[PDB]
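Architecture at a glance
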Amino acid sequence: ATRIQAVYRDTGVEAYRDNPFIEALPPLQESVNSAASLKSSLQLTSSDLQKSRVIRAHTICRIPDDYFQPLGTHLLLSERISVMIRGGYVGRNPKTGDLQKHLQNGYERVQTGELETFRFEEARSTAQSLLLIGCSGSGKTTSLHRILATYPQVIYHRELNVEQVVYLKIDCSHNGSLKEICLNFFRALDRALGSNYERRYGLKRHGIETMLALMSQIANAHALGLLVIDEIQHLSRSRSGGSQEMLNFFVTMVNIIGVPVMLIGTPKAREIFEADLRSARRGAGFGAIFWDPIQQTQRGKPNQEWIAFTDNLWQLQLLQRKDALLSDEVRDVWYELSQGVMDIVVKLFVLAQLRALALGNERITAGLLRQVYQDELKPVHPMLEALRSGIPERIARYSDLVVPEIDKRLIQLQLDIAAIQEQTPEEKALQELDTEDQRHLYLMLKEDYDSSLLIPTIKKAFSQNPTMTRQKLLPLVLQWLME
Amino acid sequence: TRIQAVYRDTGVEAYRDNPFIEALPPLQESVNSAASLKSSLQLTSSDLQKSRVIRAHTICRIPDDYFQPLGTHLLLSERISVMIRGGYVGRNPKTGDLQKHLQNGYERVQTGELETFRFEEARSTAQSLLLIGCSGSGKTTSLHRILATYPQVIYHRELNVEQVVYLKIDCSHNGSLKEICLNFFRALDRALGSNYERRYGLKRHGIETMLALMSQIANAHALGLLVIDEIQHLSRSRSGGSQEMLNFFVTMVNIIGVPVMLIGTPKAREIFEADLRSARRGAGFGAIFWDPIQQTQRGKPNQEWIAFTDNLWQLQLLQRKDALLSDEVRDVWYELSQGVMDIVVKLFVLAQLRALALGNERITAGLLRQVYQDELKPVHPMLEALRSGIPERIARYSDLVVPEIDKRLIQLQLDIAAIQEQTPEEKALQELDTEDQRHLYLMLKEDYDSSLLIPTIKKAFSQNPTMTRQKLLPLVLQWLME
Amino acid sequence: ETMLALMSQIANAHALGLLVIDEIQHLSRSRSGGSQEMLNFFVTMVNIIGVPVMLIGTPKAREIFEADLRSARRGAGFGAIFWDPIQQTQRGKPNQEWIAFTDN
Amino acid sequence: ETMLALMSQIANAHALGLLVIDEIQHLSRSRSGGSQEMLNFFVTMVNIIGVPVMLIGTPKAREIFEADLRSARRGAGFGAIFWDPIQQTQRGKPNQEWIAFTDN
Amino acid sequence: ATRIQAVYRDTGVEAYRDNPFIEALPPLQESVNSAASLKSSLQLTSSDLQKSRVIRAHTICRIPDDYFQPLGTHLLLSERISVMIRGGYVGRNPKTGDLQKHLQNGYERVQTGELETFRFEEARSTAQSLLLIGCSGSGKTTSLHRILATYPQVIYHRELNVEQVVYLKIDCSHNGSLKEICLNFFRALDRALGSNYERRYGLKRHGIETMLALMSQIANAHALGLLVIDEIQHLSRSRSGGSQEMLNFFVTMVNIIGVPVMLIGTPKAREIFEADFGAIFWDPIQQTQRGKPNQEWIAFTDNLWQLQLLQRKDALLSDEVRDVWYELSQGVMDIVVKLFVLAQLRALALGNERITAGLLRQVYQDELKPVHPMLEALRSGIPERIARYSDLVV
Amino acid sequence: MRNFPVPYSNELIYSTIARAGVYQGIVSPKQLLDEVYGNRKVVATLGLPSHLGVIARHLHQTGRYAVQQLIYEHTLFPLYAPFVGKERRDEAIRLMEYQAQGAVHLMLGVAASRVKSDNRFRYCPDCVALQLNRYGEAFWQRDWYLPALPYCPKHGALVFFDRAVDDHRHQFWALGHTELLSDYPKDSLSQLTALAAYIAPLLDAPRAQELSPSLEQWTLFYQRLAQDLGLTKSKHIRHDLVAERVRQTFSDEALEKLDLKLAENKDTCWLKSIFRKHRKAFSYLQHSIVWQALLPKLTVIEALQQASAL
DNA sequence: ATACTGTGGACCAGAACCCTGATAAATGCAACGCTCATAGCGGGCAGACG
Ligand SMILES: Nc1ncnc2c1ncn2[C@@H]1O[C@H](COP(=O)(O)OP(=O)(O)OP(O)(O)=S)[C@@H](O)[C@H]1O
Ligand SMILES: Nc1ncnc2c1ncn2[C@@H]1O[C@H](COP(=O)(O)OP(=O)(O)O)[C@@H](O)[C@H]1O
Ligand SMILES: Nc1ncnc2c1ncn2[C@@H]1O[C@H](COP(=O)(O)OP(=O)(O)O)[C@@H](O)[C@H]1O
Ligand SMILES: [Mg+2]
Ligand SMILES: [Mg+2]
Ligand SMILES: [Mg+2]
Ligand SMILES: [Zn+2]
């Protein structure tokens, strides 16, 4: 409900010239840096290491939600969705006439006069209805949720008493129905607008045709930018009716409404639309941007995307016995462990720290990752090996699989972390020592030798001169050690 | 698309006072109609500096907007216009009250005053044309733009009729007759707003019943044309055999008027024409055979190839480009593409994308040879048969098509998108090569900024190579405090 | 039904005051169907649009509206006003209306 | 019987609270198949899930309609409220109810 | 619909030593504890006495729904129902191969359409029958909802896969048509179990002969314990040939199939039974048991009396109020509670906060008039005068 | 369905599905398929059934029965898994758990029966009495339905009567006690009974879960076994000892009852095809008869041990 | 010690199949039609007086 008054910027492109709907959108001149600025990450310092193990457990449990590293396909999706959004308003020009007036005027001018040739090709919808098919667990929903939220939803105009809804989101559920999408569109329009359209239009008495007929009216009345149907994978074919008639219903949806529409699905749902996809026919449309997991190798060498993501994710570790450099063996092993699927790669790293905080030594080993793999990836054993096989049928059959209820399992991990008796020697060292900003030198030089002499030496220097900066403290503690 | 009708006179005597002919765009000479079709991209002057991805999208958009007329298009346009405006003379809706005239003629014949009189005139058969050429020569892009001039749904207000001028049917891969019969209803109720498929196309009726209902449906609304594309899939498939494949297209005479058009690959001629009663219906109004253009005409270069390549050459988008085309590159195009029009633009697009990928940033013969040898593998037999020129060898391979080209284009776009950028401070990390360098880096971040930190680390190793990290630390800090 | 729903949408969009339907008598009873379903259509028409509606009909239309007019249930609506020809004798005396109209 | 057994599912899908049946006068004598059969219907209307019901009728309904103990005890399950017209003289004194109503 | 896993007991009687069905139930209880288990009352507490009037009115009105007291006969009824529901599982043992014979035979009756067809002569069935005739308003349905509520309804085993249903209750259709009893048996096993037997067995148009065998085999698909039939008087109102048809089918089921059945009805339904089993007759309570007043009446009156919710009340009861109750109600179990609730409601509403005999008389004569004519016959006591009407003692 | 019968010890799943419709008065053959699966196009198969997993979801609340136990212990799949190959054995389960039916017989390229050969319904005169006395029910058993030998491994010969699986494709039939079971004079070939007894223990043996010797392993094992005690000349097959052993232990009438004629005159004989390098799947009969002829004091499981180890 | 012959492994190619679409015929099943029993009704017959 960000009801900002329309400030009309000027775009130098001739097609977007003097359109009240388009100009209210944010400008696009440095959007490449804006598109690459989606990156977000937690801020971690060395201070959080000496905290109690429950605080570290909470910090680790907070990593999945607030970590995002843009990749190659995100730029392409951002540019394509920008093109679809901004090219969708060349038809519904409010200041001049609509499309039908333009065609009628063109016919009247080509009849007599000297307008020799007029092309009646017009616009197919207004942009192609993209179909973003990809394997489940790859990260489509979060990508759209972030790259589609940088546009204000409602631009309340002043001279025209209309609402410029820029985007929208339908979402099906488990064992859905064909009429449920039509009802949910009306229901979800209320949350975006604050009205009560369900009371007057959401009656169950209406047939399937009347729902689309009213949707056309309301979509024409409010200047609509996009309509993102999501999670077609959840639908059940037999409950709604004929499976092959779903394609007819979706084509009818695309034709009647007229605004750009973008569906989402999994390779299981591909067979519904495969009839139109195989043909190169213009008018079928439904262009597909295939989502694929991260590939390890490129031109016989490791792909830069994989290492770039791996190092960035590996910088978030707060292990006590941690070494600075990632070993190559684990780099080799977890890719074959997880096949590069975007969701589970992060999940294995999340669960590894929780398991290592309780099993004993605080480090990362290949056996630990293997143990986590047999622990909490049981439902996804078939799909992973199907991806390893490479046969399209094996991948298609085992799609839509997801691990249930990981969040509840995280809570019992934390509860088990809470109840422990024995302590590590480093825990003893940090507890007995005055670790109030004096800890940092000890931590940075702990691994050089045994700390038995180190614990009183730093105290001796610090009591010798209580007022020091750590910057001057480091040369002195280094000098007294070698003696 | 309900365009209202405004009439205009026509010079042709036969099309006197018939609304269907007179409600259409007026006659034009061939050269104007064959010259108004050309289109091209905008190519703004200063759009040579931008991000890689935007320019990549613009290059990927090239094949969909580049059209250039040639010699055959004018003849094709003339034939299409004659077929569309020559099948409407039998059906003139504007007729005076003929009961009185017919009864008066009957009375004068019966009473003996007259001797002869023609009571009712019935139509006979229909015109038909077949257009065959090797695949990739442009038998559908050159048909979606010739037919773009004619409006599809003209509405008559004085009467109550809708003039569906042209309708496009495309057979599927299976090649069964019932698919064509149902696809007719699909296309027709997609053109208008209706539900003809459920009202007529039920499972209850057999093939003959839908074939007879198409006549009633095509007389209720005034059709003008019916083009069938990709007829090569009806050659030898599970359509009941070649005998019934011939019989169905012969029995398609019963559809009232509506001059049909058949498009197919050169292999379909042998299967489709083997009986006298069917070939004369196939080539009922001519039989035009398309063929790819050639470099020479008669001991001298052909001008159409020169114009096509030269006009295509300016449309490229690169930082440094040679505007003046060198003849060697043109000879390379004629050696690789060999003439088929589909491959000519695809080679250019793929070469440009790979040129942006490598950073060579120039179009040369070597890049063209590399991309041709890398990507366009399956099309090789057709080109190698084209080189020889033997009719049987060229006829053997005239059905090959390159798959997955869109997926390859998208993957190439991802490849050029994933280039990223390296800031000098980030590049300083890559400057460190030995693992000990990176370890000392990682321990010594918090106290010192990287800009001063990296140099004193590097001279530490450049001065004393073989000396350990804990022993390295004092000398580094000695450099640092000063 | 789609016509009715879109009619309701349009009538809500524009400020519509009155909707008068004229000469119900001329509607054919053959291709229309049952008088019961015609009555159902009119009842649905009254409710859906949401603006007051005025109907004009012959006394034969009272046969169609026999079912809905007998009921005294609230919410049915359809108040009836009966046009009659000019009567002469009221209270045993000739009417003034006829005399005045006849003279004029 | 199928309709009665089918009402319960809908009366439990939506938490129905009260169901008032008025004008019970018309069911005293008609082609209902039998007075005792219709009384059996009104007493087998117990299988509907809860949903307390209120019945309204003229004093002609009482004597004819409740003439059996098993159905009488279900009619007055929560007291049978009886109504009467206003009385002018209560006990030789004018009623304030009548005076107030007439004056207002 | 309370799905409960089963854990077995170890019974003492040798006849029940093997079955899982009879070893899955909660144990039968001695008559000493059974009387105390049945009783329930209201929470009361004196904190509500000084609360507002409206908040007190609903608490007063909640008396008849949450107040049950065990009388003398219910302790016999509980024992008899326990014995008659335990004696119907010794002939359908699945461990020693007896349910398989009792279930295989039922397919043959479905095939041929006759209920006397038998394949295994070794299959023996044990079952019992009862009828519970009592005057209307005597609270016989609530007794069969509180005695038969100790046993859980659906218990799920794990060695087998049988989902045993312990008890099921149906109501005969008002017309008594021979198809709707069979169509309503598939609508109690349809809700107590959460299935759709009705769609697969009722919509397909079958004859009554096959629909009768489908019931008798589906009832043995599970382990049905008790099929108690309420409201049996409607059976007399059916068409010709049906009055005896389901007085012979309901004895065929007990004798041959082996599912115990108990019938509950009003006194005017005794004629069809006698138009030609243990009989228990229920009568309205009376104070004049032999030569001295009965103790049950006094105990029940005191127990109900201690539930008053009036700010100024007489704590001790007077005998005149008891005589007024017995002369205005005649002891039928429905009138007393409603009369007391109405009297104290009127007392609360008027302003006079204490119950008196005059207020009881006024409320009884002003608010319970549709009930007076029948109570005149009960009050008179003349056998010929009380013989008229229906639903009265005979 | 709410009450799906648990399979008895060592029976086929077809009789279990039949008793799942005998127990609830379902007599229309369409309704049984409508309720058990939900599709009217599902087929009825004796041995190597498909659509399993739907039959296990009904038994899910019982924690014991799963897909692997159902396929290995309650089908005829144990006879084909060890001998054909390891990878095909491992992929048969994933091909069979789902709705695919046509590929099941094709991929295990041994089920080209064409016309239904001895797919008449079979039972045993003496076993039914024991099943009656210990259970009270009669059912189809895996011991009776050996693919080739029409002999009960313990005793006697099976009682053929006249019906077939192709008589009704969409019908599951349970054995009827009231359907008369008439005895006939036992005409038994003792060698066939001995072979059935020898091959019986492989059906219920835990170690056949994963042991499938490879093709090359089969070739090396057979060459070494032939050369151990002198069944092969110097780079040549003796052709005499192999014939005289099998003619000593087996007579010709047993071979014609098994339809496995030897052809010493003709060059193409299955015995010579076995000893040559293997390239296609082989039936259990040929391996069993070779094992019985070459060495008569070794069990099937330990025979597979020696075959697979070296 | 090399030409002659068996021989095992690798290899052409016709053939049973068998899968699928186009068309006619048997058929189960909601869709009215029918039957049965039940309660009020207006022309007809006995009646009856001036
Ligand atoms: N022994 C009892 N103790 C307490 N309250 C009782 C007792 N018997 C009956 N009641 C009450 O009386 C009412 C029971 O009446 P119902 O449940 O209608 O049974 P019923 O109406 O007698 O059965 P019918 O007439 O054969 S349908 C409830 O309000 C009970 O609280
Ligand atoms: N760059 C990223 N960093 C961390 N997690 C990511 C990233 N991209 C995607 N994810 C993961 O993807 C998950 C959501 O995507 P997903 O569930 O596959 O979409 P859908 O619900 O449509 O299948 C999130 O749990 C998130 O952890
Ligand atoms: N006149 C033309 N100029 C440039 N390109 C053309 C022309 N005609 C066709 N094409 C190219 O051919 C492609 C379409 O080929 P198409 O006509 O589908 O081949 P076919 O007729 O064999 O199906 C388009 O991508 C377009 O770029
Ligand atoms: Mg999702
Ligand atoms: Mg084409
Ligand atoms: Mg009751
Ligand atoms: Zn046996």
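Residues numbered from 1 in each chain as written, not as in the entry; some residues may be left out. Chains lettered and ligands numbered in written order. Part of a larger assembly, values for the part shown. Heavy atoms only, no water.

- Regarding how it was determined, this PDB entry cites cryo-EM in its header, along with a resolution of 3.83 Å.

**Focus on the overall build of chain B**
- Looking only at helices and strands, chain B has 22 helices and eight strands in total.
- Relative to the globule expectation of 23 Å for 482 residues, the C-alpha radius of gyration of chain B, 34 Å, shows a markedly less compact shape.
- With respect to the principal axes defined by its C-alpha atoms, chain B has extents near 135 × 55 × 45 Å.
- Evaluated residue by residue, chain B yields a buried proportion of 41% over its 482 residues.
- Put simply, chain B shows about 26700 Å² of open surface, and 50% of that area lies on carbon and sulfur atoms.
- Taken as two groups, the 56 positive and 57 negative side-chain charges of chain B have centres that lie 2 Å from each other. (Helix = DSSP H or I, 4+ residues; strand = E, 2+ residues; numbered from the N terminus. Rg over C-alpha atoms; globule rule 2.2 N^0.38 Å. Buried < 20%, exposed > 50% of the residue type's maximum accessible area, 1.4 Å probe, protein only. Areas by Shrake-Rupley, 256 points an atom, 1.4 Å probe, with all protein chains shown as cover. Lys, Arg positive; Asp, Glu negative; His and termini not counted. Charge placed at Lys NZ, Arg CZ, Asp CG, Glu CD.)

**Some points on the interface of chain B and chain A**
- At the interface, 45 residues of chain B touch 40 residues of chain A.
- With both chains or domains summed, chain B and chain A bury close to 4000 Å², and 58% of this area falls on carbon and sulfur atoms.
- Where chain B touches chain A, the interface holds one salt bridge.
- Linking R282(A) and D64(B) is a salt bridge whose minimum nitrogen-to-oxygen distance equals 3.9 Å.
- Counting the contacts that link chain B with chain A gives seven residue pairs in polar contact.
- For the side of chain B that touches chain A, the elements supplying multiple residues, two or more each, are β1 (2-4), α3 (52-60), α18 (405-417), α20 (435-443) and α22 (469-481) of chain B.
- Considering only residue class, the side of chain B that touches chain A consists of 21 nonpolar, 12 polar and 12 charged. (Contact = heavy atoms within 4.5 Å. Buried area = accessible area lost by both parts, 1.4 Å probe. Salt bridge = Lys/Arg side-chain N within 4 Å of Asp/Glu carboxyl O. Polar contact = N/O pair within 3.5 Å; in protein donor to acceptor, adjacent residues only side chain to side chain. Nonpolar A, V, L, I, M, F, W, Y, C, P; charged D, E, K, R; others polar.)

**A word on the nonpolar core**
- By size, the foremost hydrophobic cluster in this structure holds 142 residues, and its most contacted members are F185(E), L227(E), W140(F), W144(F) and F172(F).
- The residues contacting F172(F), other than those within four sequence positions of it, are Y14(F), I17(F), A18(F), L32(F), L33(F), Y37(F), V43(F) and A44(F).
- The next biggest cluster of nonpolar side chains, apart from the first, holds 45 residues, and it includes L49(E), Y67(E), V324(E) and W325(E). (Core = buried A, V, L, I, M, F, W, Y, C linked by side-chain atoms within 4.5 Å.)

**Some remarks on the arrangement of the chains**
- Counting contacts across all five pairs of chains that touch, the top pair turns out to be chains A and B.
- The least C-alpha distance between chain A and chain D, which are not in contact, is 16 Å.
- One thing to see here is that chain B and chain E don't touch, and their nearest C-alpha atoms sit 27 Å from each other.

**Side note on the site of ligand 3**
Residues and elements named next belong to chain B.
- As a matter of local geometry, ligand 3 sits amid 13 residues, with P63, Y66, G136, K139 and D342 nearest to it.
- Within the backbone of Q68, one N or O atom sits 3.3 Å away from a nitrogen atom of ligand 3.
- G136 places a polar main-chain atom, nitrogen or oxygen, 2.6 Å from an oxygen atom of ligand 3.
- For ligand 3, whose unbound accessible area comes to 570 Å², protein coverage reaches 81%.
- When the residues that make up the shell around ligand 3 are grouped by side-chain class, the tally is five nonpolar, six polar and two charged. (Near = heavy atom within 4 Å.)

**Description of unusual backbone geometry**
- The backbone of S125(A) shows a phi angle near 50 degrees, a positive value even though the residue is not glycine.
- Tracing the sequence through the fold places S125(A) in the loop between α5 (99-110) and β1 (131-133).
- With relative accessibility at 23%, the residue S125(A) sits in the partly exposed group.
- Positive phi outside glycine occurs at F78(C), with the angle close to 60 degrees.
- Within the element layout of this structure, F78(C) appears in the loop between α4 (66-70) and β3 (89-90).

**Considerations on the protein's contact with DNA strand G**
- Residues in close proximity to DNA strand G include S176(B), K178(B), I207(B), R238(B), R29(D), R114(F), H236(F), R276(F), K277(F) and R279(F), which together make up its full environment.
- Backbone atoms, meaning sugar plus phosphate, form 100% of the atoms of DNA strand G positioned within 4 Å of the protein.
- At a separation of 2.4 Å, a phosphate oxygen of DNA strand G approaches a polar side-chain atom of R114(F).
- Between a phosphate oxygen of DNA strand G and a side-chain N or O atom of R276(F), the distance comes to 3.1 Å.
- For the surface near DNA strand G, the per-class residue count stands at one nonpolar, two polar and seven charged.

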